[PDB]
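This document contains two forms of one protein chain, each encoded as structure tokens and listed individually as structure 1 and structure 2.
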Structure 1
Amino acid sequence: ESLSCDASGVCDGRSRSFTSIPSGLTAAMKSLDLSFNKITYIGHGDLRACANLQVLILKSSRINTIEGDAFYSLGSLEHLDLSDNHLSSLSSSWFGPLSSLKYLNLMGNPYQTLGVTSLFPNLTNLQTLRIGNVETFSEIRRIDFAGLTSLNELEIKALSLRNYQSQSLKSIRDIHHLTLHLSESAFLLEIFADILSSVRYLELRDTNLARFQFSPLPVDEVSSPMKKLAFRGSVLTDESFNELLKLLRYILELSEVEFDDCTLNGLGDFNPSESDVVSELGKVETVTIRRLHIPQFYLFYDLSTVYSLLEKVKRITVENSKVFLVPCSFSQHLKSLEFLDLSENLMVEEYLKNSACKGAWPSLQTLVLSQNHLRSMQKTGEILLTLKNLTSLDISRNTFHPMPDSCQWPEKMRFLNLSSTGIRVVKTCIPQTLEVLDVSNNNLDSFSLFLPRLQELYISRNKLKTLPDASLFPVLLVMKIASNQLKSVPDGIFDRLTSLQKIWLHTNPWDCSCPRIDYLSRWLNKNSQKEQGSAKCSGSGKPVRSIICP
């Protein structure tokens, strides 16, 4: 039964069970939030008082009818959120007076269309439109987006699109990021043609692409702005690849493809037209696949029908998709590949030995095999010798057996991430060449390791009673060595760390006894710059940058 507020002017009337817009509103209010109530009705005078309001958040209340002129006096309002209400239909009158509006979210309302009069023509300041719904938004007409020339974010949620009039999205000159939700492919070809010259990033959501057929577009030779293409929750078949790949012929400038929580009801039996395979995926440098569900993942094909298509790509991500082998021939065909991220898969040295064959991944500089099932650092590093250009490896989140004294690694490996790796000792396995080492979140009792070049040394969340000798790394730049078991570090330790420029010590059971905590106490002060995280005194909570001693 209470509306609050704050000094700035940010009133918060959230889940107080209202049946009407809170009585008495002030011209001091800059941001009103009346979400999640039963404001079934907004009336003529309900919002005349707060004429200086920049933000009106009415999300998911119970709003089913809003008088036409409800918003007339809100002429400074830039953020309007009516999502998730029972607006059975929309009025052209609500938005006319809001010449200051930048953001307007209308999704979540049971309207069938956007009504018979353009809603947005007089909104020269609009940057973000969100319309549509899951179960009833069914038509898209050419009037619907008249008067809109540019938008940062357009989000049409049209899962139930029964009909899309030709050329609806074409009048819009520039769209920075269009998010479409279609349940099936019936209109994708038609809409894709309308956004060839406007959209800069297309995100397609929740689409059954199972039986998607391509065919040449009516459109004229228009150079497309589109640089990113992303499929969120799509169902795809091996056929879909063959057709979808044909779309890139219209978006020559494209440089990134992404597939998110997508299902592939297939096995990689791709047969790409030959025109497309000569193109080598155009200007697409980066390909990203996350959580691709493949029902019979184990029956997956050679994937050799695309070995030529991908000779030019530079960054590939295939995360949490049950990858268990990148066939050697594939690897040798990924000539131009610089970044490879195979996190959260099924790689084991046995497969990795094939996937990194003698001629594999020639340009690879970064390998990421986090959260796979590796169990021997010696076997791993030795397999990877095939990678001559490898300069940074991440085999973290892999429950390794104890590393030995003698290992080999890529002679240019400057970055090794062994975090969360279960280890409890560090031997001379780790190569001297290492400029960055991350051995945090483990069971290390002592880091006692000569690594000259070593700049950074992330080694937090450990059981380290004692701090490492400052000779072990003469050119050191950083040392994240928090959440540890440090009682107190020897006075005169950052002497030969004439290089250290940032440090971590927080969350640590120390010992702030005036007779002993001399050095630390005053060094942390001289260079408060070189330091993030505030050291907690054991039992006091008082910072170590505090009181010094005579």
Structure 2
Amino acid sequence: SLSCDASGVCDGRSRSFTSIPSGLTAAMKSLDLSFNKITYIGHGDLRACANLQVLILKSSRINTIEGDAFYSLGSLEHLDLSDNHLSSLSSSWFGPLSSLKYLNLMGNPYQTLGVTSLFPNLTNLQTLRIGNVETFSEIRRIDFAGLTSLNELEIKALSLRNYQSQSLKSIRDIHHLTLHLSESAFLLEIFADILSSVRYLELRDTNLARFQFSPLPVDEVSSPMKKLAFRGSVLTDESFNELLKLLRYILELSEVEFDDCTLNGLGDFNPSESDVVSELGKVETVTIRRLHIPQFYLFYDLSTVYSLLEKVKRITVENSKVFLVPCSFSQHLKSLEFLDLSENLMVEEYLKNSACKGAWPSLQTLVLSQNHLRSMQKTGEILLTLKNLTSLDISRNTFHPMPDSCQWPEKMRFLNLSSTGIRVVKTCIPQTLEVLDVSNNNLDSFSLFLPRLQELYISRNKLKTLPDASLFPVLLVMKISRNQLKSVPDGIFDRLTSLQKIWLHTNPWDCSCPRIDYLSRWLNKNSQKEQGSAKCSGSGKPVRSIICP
């Protein structure tokens, strides 16, 4: 009861099959039999479809597959066996799949990949996922024999009990290596085997409390590793310092991320300057999200971090409860062009210190999105200390009504006031602006003349009148959806002579014909420009559909 499209793509998904359907053809290119009750797959179940390029067998209850079940699938590029009941993999399965590009074996209860190298024959393999949560317990030297380059290899071994050294060393080039480890017992040697191949290493769920550095005795390897990411990791002030020492081998590391990690800190840890690292190679981007520091004052005078960021260009510390980025700390950030402290507890008085005189000398973009700032003027005033600043995001902050005059950094051309609760826009906003987002507020009208404005975002408001075209002589983009606009003055969009894109949907457009003429005739002559589609209130029919005599 499977249905195929004219292109040879058949759906069999969730159809209660207890066995592969009979009478398949060589016309099929993609066969999806996910979520079925297919316990056994015989020698001849898939013998016909010799031109199959995609086989989706995910989450079916497969626990038995004959060694040569896939003997005629020489054109198969995508095989998905994840989440089944395979507790033993057979090398005979992958033998005839020299055209295999994607192999997902994750989610099955096997304990190891088996006694025979399963992938030597897969010469065009680009993606491979293996392992599980409860039982995968051993990686061995024969496991990846025959694998030269993989764009991605995911290994889930949260229950790993033993890793044979050099197991991953045979692989020449791994673009993205995702490892799920519950502890750090084998992280070091693993790290010694991937220094030549891994460009992006992603560590998930690892408790690194007991990590300890030791000199990697692998021959001079110019690690091509550009990105390193930790997710849901447990760290300590001690183990953290241990990790830092690892950088000497990944001289090219440019991006580091820490997602949902907890940093446990204690006072008993206080080494001299010899133990600590203050050289951060080429690390130029630091992203930190949802970082939990149980007890922050249990950290000695944090000067240890001042020499690490001299060269950092981009930093993001979000939703990690930051209330202060100490002045001296900021002055050390000589190269910082981008700083994103979204979702923290920043307020004027502490911002003042964070953005002191020589704070962030080169900052161009500063994001203080969800914080506790309350005065627009006060914030612009405090930020005057920043001379290179060109972009500022202070959206999602609850501000008081803005004055008629304000002081903002001079080169500022981007100001985001989205979701800030304002009800009125005054001249506090500079004429120097190029991009302005006051979308999702409480505005009734926009009367600000900004001659250099190229983009205005004013969606999600209550404007009953479209802002006069002469206000933005050279506008390229206007976003005024989700408002209360019922109509537009004849010829107004033809007055936006640089307009390239415009959002008008979610507005109650009055489509009676005397009125809606120009607007409808305009949407027809400029469909390319309208993003999304404005409909008529009442019928819901697209405005452009209306024609008047």
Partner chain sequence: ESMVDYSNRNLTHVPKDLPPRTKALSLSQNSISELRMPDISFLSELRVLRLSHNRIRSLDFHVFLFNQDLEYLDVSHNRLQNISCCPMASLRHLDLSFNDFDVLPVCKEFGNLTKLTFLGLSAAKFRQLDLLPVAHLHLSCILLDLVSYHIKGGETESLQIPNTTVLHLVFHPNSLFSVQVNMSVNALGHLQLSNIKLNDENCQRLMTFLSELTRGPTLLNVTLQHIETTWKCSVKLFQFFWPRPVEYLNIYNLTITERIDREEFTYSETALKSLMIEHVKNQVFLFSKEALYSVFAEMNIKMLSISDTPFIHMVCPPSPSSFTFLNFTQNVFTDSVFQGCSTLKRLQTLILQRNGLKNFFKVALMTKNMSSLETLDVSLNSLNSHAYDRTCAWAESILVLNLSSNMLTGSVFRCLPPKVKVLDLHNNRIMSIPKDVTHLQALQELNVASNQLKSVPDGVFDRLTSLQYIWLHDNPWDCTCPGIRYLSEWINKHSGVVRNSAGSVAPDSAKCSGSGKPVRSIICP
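Counting starts at 1 with the first residue of structure 1 and goes up one by one along its sequence. Each form is matched to the other, and the largest set of C-alpha atoms that superpose within 1.5 Å is called the rigid core.
- In this comparison the chain labelled structure 2 is the form deposited without its partner chain, and the other chain is not.
- Summarising the superposition on the core between structure 1 and structure 2, the listed residues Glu382, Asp269, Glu253, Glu411 contain exactly one with a Cα shift of 2 Å or larger, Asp269.
- Shown in the overlay between structure 1 and structure 2, fitted on the rigid core, is a CA shift at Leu303 of 2 Å or greater.
- Put the two forms on the same core and the Cα of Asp174 is off by less than 2 Å between structure 1 and structure 2.
- Once both forms are fitted on their rigid core, the CA atom of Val425 lies less than 2 Å apart between structure 1 and structure 2.
- When the rigid core is fitted, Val278 shows a C-alpha shift of 7.5 Å between structure 1 and structure 2.
- Comparison between structure 1 and structure 2 places the CA of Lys227 0.4 angstrom away from its other position, after core fitting.
- On rigid-core superposition between structure 1 and structure 2, the C-alpha of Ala28 is found to move 2.1 angstrom.
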